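K.L.:
Compute the structure for the input listed below.
(8 chains)
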Amino acid sequence: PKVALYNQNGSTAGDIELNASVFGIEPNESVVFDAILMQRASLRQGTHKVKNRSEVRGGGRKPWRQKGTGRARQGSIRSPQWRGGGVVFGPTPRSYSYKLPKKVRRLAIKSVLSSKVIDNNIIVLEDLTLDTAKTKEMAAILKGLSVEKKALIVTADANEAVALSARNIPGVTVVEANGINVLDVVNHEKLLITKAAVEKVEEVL
Amino acid sequence: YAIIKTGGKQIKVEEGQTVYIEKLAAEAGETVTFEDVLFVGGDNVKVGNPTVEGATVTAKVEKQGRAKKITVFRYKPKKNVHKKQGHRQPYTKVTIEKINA
Amino acid sequence: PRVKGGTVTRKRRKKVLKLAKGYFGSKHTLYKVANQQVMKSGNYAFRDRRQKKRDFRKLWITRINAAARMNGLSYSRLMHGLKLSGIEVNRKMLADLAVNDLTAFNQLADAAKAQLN
Amino acid sequence: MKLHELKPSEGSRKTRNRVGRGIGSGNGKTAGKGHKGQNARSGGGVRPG
Amino acid sequence: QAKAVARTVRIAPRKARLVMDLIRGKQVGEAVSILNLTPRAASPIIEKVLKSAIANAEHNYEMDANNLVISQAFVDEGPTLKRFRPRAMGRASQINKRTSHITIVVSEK
RNA sequence: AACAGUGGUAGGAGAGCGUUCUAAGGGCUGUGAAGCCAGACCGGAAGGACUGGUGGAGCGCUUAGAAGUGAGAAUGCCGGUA
RNA sequence: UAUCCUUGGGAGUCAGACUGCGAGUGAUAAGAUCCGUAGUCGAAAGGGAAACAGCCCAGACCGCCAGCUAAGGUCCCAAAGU
RNA sequence: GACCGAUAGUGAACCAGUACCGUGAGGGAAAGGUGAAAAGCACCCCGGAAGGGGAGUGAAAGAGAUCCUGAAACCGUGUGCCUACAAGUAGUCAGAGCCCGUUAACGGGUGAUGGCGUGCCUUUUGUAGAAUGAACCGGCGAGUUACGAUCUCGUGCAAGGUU
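P.N.:
Residues are numbered from 1 along each chain as shown, chains lettered A, B, ... in the order given. For reference, the structure is listed below:
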């Protein structure tokens, strides 16, 4: 928890101490797995329906008398084995979301953050000020920081100004300090964190 | 020619021919020798459980093989009993030289 | 999602169909029956793979008996005489090879006869 | 972690038992419910007491 | 090598074949005579297609009428016209009004 | 390495194979994918490759997830042809 | 010799047949019915009894153009002793 | 939209609540795909036409009005081997002869002749069964979901856990 500090133009200042209780924690493989799975499942809206036998606009009459005919003894026209359809045990509108314990979710977020810290892909960027909405300014910022792949940036106050600049380029996300999760962290492989948000998340956790 | 017990079943062999035989422990380039020879043929030396002294039969072995597939399929009718099992029998190629008598 | 009956069924059926070439007419063309015969083919293949051992043994015994009878000696007496003359690890198949190299077979039969008494 | 080597807590996962598909997994024709009993028919259970 | 096809002429393929098979592989100038003399349902259709086949020489790659012989020819089934014939006790039996594809392939020898 | 065992209906237990979509990583594809057709290849099996022909734009692999996930029979339904 | 007991999760079985042996009913009739006991089949292929589930011998994890045997058998069919 | 992709999805992607059936209430279908652009076949020959053969367009005419792909049943034409003194759940294991030459391997096709051998499924103590079901091919077609309960397993905390 002694990662270096970085400026807008890549200049590095004296490193910053981080709460070991949040960033030095040994990551929990399994808890991180379930935490990922959690909202990965809850995100889907799960809207699907297929017309069961009862609601296929038809059926009704016995197609032919029970006995005295060379055909199979049958029921209404809209029945599962018939071509007319009517599915059996099909999908149904249902939610794919649940809840996890407070301790578990806190441990998950702490674990993923500490995993990033030990992998040394965290980059603390104090005071991500920006005077304009223009994207190529922040593209130059990322180039100066050598941020090539996906990334996430959190800046709490400059979110209003910086979100417009960042949102298009090119799949990077701007989130607020309260918006951290497990997928939004893991998926982006590079976390940009402003010092105000450092201590804010530190206090929250 | 001669008769060589080898892998639990004796075989007739002759100078220079090639034979397929159950897997030996030898490498795929080295020579090997058989020991329990009987009925050395031609001059037809022979004894019961023959101690044909020094008549171990040398041979060169170059292959490590695996026979063509037997699709062992078993079923018992009207009983929903199936069993299908692939099988390749391993083997080794040989060529005989310097029969000893 | 919905899983449609794709290529899996066609591959599965065509495997047995190609496996059952050479069969008489519809048995090499219709899956409903071609499947039945290959199963029967499997059972027969197994049982015949075990039969061939005993049938070749029978053939070998017949040849040895003929060779012995043409030298004043029954097959059973020949085998007995060999056993007592020594452990004749030499056996049926290679004894037939000796029969078709008959002079060697006679060179064993005389020894067996001599030691039989 | 990264997503592309997700591995669960081993021993905390089990595939469903898809009864009534083929013979190789057992529970084939009968679906593991015997022969022609009242218990063998849909909704064929009885009051628990 | 020259080819012709009838492409769904209205005639049953079995009835076509029964008269078609006899002209197979015999010199065309006399096969035409054989078939226009034998009285059958499909004989006129077949000589028409055969005459088209041999006539594919004028605005065509050249051949000669003599030393000309059918090389190989056969009959293929075409789309069939379904029809329901009424029948006693409201049974409503079905009948097939078949159709056939004729084809000639003539060569030199 | 040693020793022992490995018929099997109703059943119980475990190992897996394949299919459709979804995420992450990788990349295959008009220098011809999918699908189809033919091969004398590979695995213990479910199965999987490789080489040709057709075809003319899409698609495997890797780990995990969720299932309208696997048909030979039901005098099954529909379509086609004997 | 190493299978026994306790708790807990999940079953199917409630139509059984024949062959010895000891009985019932029957006429000490039945491939009859109902019991006890042992075996096989049920759920077990292989060799024998011509063909055969229950009779005899005997248990199939696969491959071998190895050997020894069990019941049964050795004049030909048809392996082995006129 | 970790919903379907023309037997699906609304009965209805298409002149469908239509054709059709019924006196009437009412029941109730099938049927998507040329090509990028019609550039959709000038002209010639057989033909009465249909339909063909050429020629031309186009990346493809095998793309020509079910017109992208075009599986199987089914129907044909050539053919390498075999077959008119032999009865065969049609195979398998031996096997001569003839033919061919492969994802090169103790190869491929056919097989005169010998041994063995009564399909599959259900239901039954028992089925080759003269008990039942399948004319054949293709598609579709059956133990799921919700809410609770219980048990095993895996997790975070633990005399606390938990919204």
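K.L.:
how about the longest helix along chain A: buried residues?
P.N.:
Ranked by residue count, the top helix of chain A under DSSP state H comes out as helix A:102-119. Neighbour-count burial for helix A:102-119, counted by 16 or more other Cβ atoms under 10 Å in any protein chain shown, picks out A:105, A:107-117. C-beta coordinates here come from the backbone N, C-alpha and C atoms, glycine included.
K.L.:
Export the top helix by length along chain E to CSV, keeping only CA atoms.
P.N.:
Longest helix in chain E, counting residues (DSSP H): helix E:43-55. Extracted as CSV, the C-alpha positions of helix E:43-55 are listed here (Å, rounded to 0.1, in the frame of the first residue of the first chain):
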residue,chain,number,x,y,z
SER,E,43,-43.4,-42.6,-78.9
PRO,E,44,-44.4,-39.2,-80.4
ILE,E,45,-42.8,-37.2,-77.6
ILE,E,46,-39.7,-39.3,-77.7
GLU,E,47,-39.2,-39.0,-81.5
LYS,E,48,-39.8,-35.2,-81.1
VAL,E,49,-37.0,-34.9,-78.6
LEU,E,50,-34.7,-37.3,-80.5
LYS,E,51,-35.3,-35.2,-83.7
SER,E,52,-34.4,-32.1,-81.7
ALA,E,53,-31.2,-33.8,-80.6
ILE,E,54,-30.1,-34.7,-84.1
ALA,E,55,-31.3,-31.3,-85.4
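K.L.:
roughly how far is that helix from the heart of the chain?
P.N.:
8 Å (Cα atoms, centre = their mean, to the nearest Å).
K.L.:
Let me know the secondary structure of the residue nearest the centre of chain C.
P.N.:
Nearest to the mean C-alpha position of chain C, by Cα atoms, centre = their mean, lies residue C:52 at 2.2 Å. Assigned with DSSP: H, G, I helix; E, B strand; the rest coil, residue C:52 falls in the helix class.
K.L.:
ok, it to residue B:85 distance?
P.N.:
19 Å (Cβ to Cβ, to the nearest Å).
K.L.:
Please apply the same query to residue D:16.
P.N.:
28 Å.
K.L.:
higher neighbour count, these two?
P.N.:
Using other Cβ atoms under 10 Å in any protein chain shown as the criterion, residue D:16 and residue B:85 rank with residue B:85 on top: 9 against 5.
K.L.:
Show me the beta-bridge partners of that one.
P.N.:
Taking DSSP bridges, one finds residue B:72 as the beta-bridge partners of residue B:85.
K.L.:
So it is in contact with residue B:72, correct?
P.N.:
Yes: assessed by Cβ atoms under 8 Å, residue B:85 is found in contact with residue B:72 at 4.6 Å.
K.L.:
can you give me the strands in chain A?
P.N.:
A:5-6, A:12-13, A:122-125, A:152-153, A:173-174, A:191-193 (DSSP state E).
K.L.:
List the neighbouring strands of the fourth one plus their orientation.
P.N.:
This points to strand A:152-153. In its sheet, and by DSSP bridges, strand A:152-153 pairs with strand A:173-174 (parallel), strand A:191-193 (parallel).
K.L.:
Is the first one positioned near RNA strand F?
P.N.:
The one in question is strand A:173-174. No: using Cβ under 7 Å from any atom of the strand, strand A:173-174 never reaches RNA strand F; the gap is at least 11.6 Å.
K.L.:
residues touching residue 14, list them.
P.N.:
No chain in the question, so chain A it is. residue A:5 (Cβ atoms under 8 Å, 6 or more residues apart in numbering or on different chains).
K.L.:
Pull the contacting residues for the closest residue to chain B within chain D.
P.N.:
Residue nearest to chain B within chain D: residue D:23 (4.7 Å; Cβ to the nearest Cβ). Counting by Cβ under 8 Å, 6+ apart, residue D:23 makes contact with B:80, B:82, D:29.
K.L.:
now the last one, what's its secondary structure?
P.N.:
Assigned by three-state DSSP, the conformation of residue D:29 is coil.
K.L.:
again with the second one
P.N.:
Here residue B:82 takes the strand state, with states given by three-state DSSP.
K.L.:
Number of residues surrounding residue E:89?
P.N.:
5.
K.L.:
hang on, it is in a helix, isn't it?
P.N.:
Yes: counting by three-state DSSP, residue E:89 is found in a helix.
K.L.:
Quickly note the distance from it to chain D.
P.N.:
40 Å (Cβ to the nearest Cβ, to the nearest Å).
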